[PDB]
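Asker: Sequence plus experimental coordinates follow:
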Amino acid sequence: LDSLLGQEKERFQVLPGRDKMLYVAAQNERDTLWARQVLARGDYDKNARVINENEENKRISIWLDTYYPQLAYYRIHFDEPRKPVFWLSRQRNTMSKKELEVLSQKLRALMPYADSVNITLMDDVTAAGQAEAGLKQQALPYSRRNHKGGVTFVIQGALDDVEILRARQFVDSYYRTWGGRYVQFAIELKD
Amino acid sequence: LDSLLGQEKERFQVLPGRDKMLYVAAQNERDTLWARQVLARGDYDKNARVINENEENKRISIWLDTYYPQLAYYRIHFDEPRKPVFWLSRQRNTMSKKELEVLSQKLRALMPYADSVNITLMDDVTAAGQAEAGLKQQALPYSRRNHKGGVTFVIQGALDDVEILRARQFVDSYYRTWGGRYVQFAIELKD
Amino acid sequence: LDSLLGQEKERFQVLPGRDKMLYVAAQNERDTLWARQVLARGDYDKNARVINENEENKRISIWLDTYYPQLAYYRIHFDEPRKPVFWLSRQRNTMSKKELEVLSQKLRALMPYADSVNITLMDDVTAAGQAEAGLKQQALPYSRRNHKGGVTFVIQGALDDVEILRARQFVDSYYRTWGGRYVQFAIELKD
């Protein structure tokens, strides 16, 4: 295991994949750069590869939005890099725990380096609850415009440089933990 | 099997065809370029060829729009490159499962490199359902203008740079998975 | 123990971590600079590291805002660098003393160098009480705008250079000892 010449090796999340391929899902750009540049230094090809969470997040919207399209998932929770928790809807889901047993392998089919991928059922009544309570916490209005598969929230008012950030920073993490479709966000600007 | 001098060979979907001809249906341009340029390097002619999904999509509208013209198909689903699923209409079709057994060979007659081509019957009530629910999801109006072999959808309103993309990105994948004739799309612009 | 060549070593809070790693949580910038620059002088790598309270305060809002998200905590009180007191809410908390026994290890998981991390239950009736009494002490008005998880305070009036500091200096320490969400502060400016 690494088994690279691309030092420094600090913060390297390097682990072997499903078909014996060392992926490097590091959290920093310079930490993937050090592992990506060396790939041609010492002929660390084929077996040694370098990935990231940004592409894995795309995979969520490409392979997992179409494999169980009915399953209302949120997002692969990277709390445990070795076994990320795959937050699901509690009542908007379609895959039972018997079927989720197979989804976990598919989840690893998009994340071979991880030992596994956990799966949980998270309340969809609290997905909306965080949206309603978070904007309210952030001192912001919001509408309840129902779209297919969720409820679009529309924040009335020409929010200023920072008040508008209140919701931009909120939603930034919301869709990474509560899905980007169950509640659509929008800020209506006026006056 | 490849059996080419045109390295790098990463992501090459190279397989022998029906009449022993290695096709390279790679997903990237540089991955067909590496395999296409070498064709004259080492005399990798006749047997070694290079194809793509763009031409295969044309074939769908030329050879398959006229071979079973009555059959209401959607599109060759490249989910399985070795055995693409050929989505059909459930109620607008003409070829029964007994006849579809032959269509699969014709489907390979336009895709020799693939082991086979799968065929399924997909609900035409959900083809319109995705169109109605997808635009609605994307917060967009639409009309129901019935044309011969479908229902043209017309989206009222001078959509802006991104709101207009909402439907452009939607339809982009729609016609690749639900056919480009069962629901025609259009955005009426005004004001 | 230090076991560095980066003299002067005055005011160095250097202690070994959970996995035998000497951290230097010094209070001054020049006192982390002296210990950070030497890391490459004598090959004081891996084992010898240098940290601060600013990053540990971020950790509070990243790892501890999401590990027991229900637990209404205030802030890691650095009164005892070796065993900081982790002020909690008295009535807005979720972790009982039986569960807090585990939180302390998690608290050290974000502060390995410290022998431990203490945990107490501080009255939330006095968290608001300091806010109400502190601004009043500082001769300042304030509103009671209830937000989710607290009560936003809004100070009426175009406070001048120093009168406005009265609350800016107050809140500066408030959120370090009474949490930055139980009472949100704001100064409305007018006239």
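Answerer: Structure's in. What do you need? Residues are numbered from 1 along each chain as shown, chains lettered A, B, ... in the order given.
Asker: the strands in chain A, which residues?
Answerer: Using DSSP state E, the strands of chain A run over A:14-16, A:22-24, A:73-77, A:85-89, A:118-122, A:145-147, A:150-155, A:185-187.
Asker: burial of residue A:148, as a residue count?
Answerer: Number of residues near residue A:148 (other Cβ atoms under 10 Å in any protein chain shown) recorded here: 15. Heads up, the C-betas are built off the backbone N, CA and C, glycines and all.
Asker: how does chain A divide into domains?
Answerer: A:1-51, A:52-122, A:123-191 (CATH domains of a matching chain).
Asker: could I get the ones you listed as TSV with distance to chain B?
Answerer: Shown next, in TSV, are the domains of chain A (distance: least, Cβ to the nearest Cβ, whole Å):
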stretch	distance to chain B
domain A:1-51	9
domain A:52-122	8
domain A:123-191	4
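Asker: Figure out which of the ones you listed is closest to chain C.
Answerer: With Cβ to the nearest Cβ as the measure, domain A:123-191 is the member of these nearest chain C (4.0 Å).
Asker: returning to that earlier point: the domains of chain A into a markdown table, with extra columns for distance to residue C:48?
Answerer: Shown next, in a markdown table, are the domains of chain A (distance: least, Cβ to Cβ, whole Å):
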| stretch | distance to residue C:48 |
| --- | --- |
| domain A:1-51 | 13 |
| domain A:52-122 | 26 |
| domain A:123-191 | 34 |
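Asker: Was I right to think residue A:184 contacts residue A:150?
Answerer: Yes: contact criterion Cβ atoms under 8 Å: residue A:184 and residue A:150 qualify, at 6.0 Å.
Asker: Residue A:42 against residue A:4, yeah?
Answerer: Yes: assessed by Cβ under 8 Å, residue A:42 is found in contact with residue A:4 at 7.3 Å.
Asker: So the two - more neighbours on which side?
Answerer: Neighbour comparison, residue A:42 and residue A:4: the larger count goes to residue A:4, with 20 against 12 (by other Cβ under 10 Å).
Asker: need the contact list for residue A:178.
Answerer: For residue A:178, the contacting residues are A:74, A:75, A:87, A:122, A:127, A:130, A:131, by Cβ atoms under 8 Å, 6 or more residues apart in numbering or on different chains.
Asker: again, 6 Å this time
Answerer: Neighbour list for residue A:178: A:74, A:127 [criterion: Cβ atoms under 6 Å, 6 or more residues apart in numbering or on different chains].
Asker: got the residues of chain A near chain C?
Answerer: Taking Cβ under 6 Å from any Cβ of the partner chain, the part of chain A that reaches chain C is made up of A:133, A:136, A:137, A:139.
Asker: Recalculate using a threshold of 10 Å.
Answerer: Residues of chain A that fall close to chain C, judged by Cβ under 10 Å from any Cβ of the partner chain: A:8, A:10, A:77, A:79, A:129-130, A:132-140, A:173, A:177.
Asker: Among those residues, which are located in helices?
Answerer: The helices, defined by DSSP state H, take in A:129, A:130, A:132, A:133, A:134, A:135, A:136, A:137, A:173, A:177 from these.
Asker: Going through the residues you listed, which ones are buried?
Answerer: Neighbour counting by 16 or more other Cβ atoms under 10 Å in any protein chain shown classes A:130, A:132, A:134, A:135, A:137, A:177 among those as buried.
Asker: From the residues you listed, pick the one nearest residue B:15.
Answerer: Nearest to residue B:15 among those: residue A:177, at 41.4 Å, using Cβ to Cβ.
Asker: wait, doesn't that closest one sit right on residue A:84?
Answerer: No: Residue A:177 lies out of contact with residue A:84 (Cβ atoms under 10 Å); the separation is 11.8 Å.
Asker: between those two, what contacts are shared?
Answerer: Here residue A:177 and residue A:84 have A:75, A:77 as joint contacts, going by Cβ atoms under 10 Å, 6 or more residues apart in numbering or on different chains.
Asker: and residue A:146, what does it touch?
Answerer: Taking Cβ under 10 Å, 6+ apart, one finds A:152, B:136 in contact with residue A:146.
Asker: what does residue A:91 give?
Answerer: A:72, A:121, A:123, A:124, A:125.
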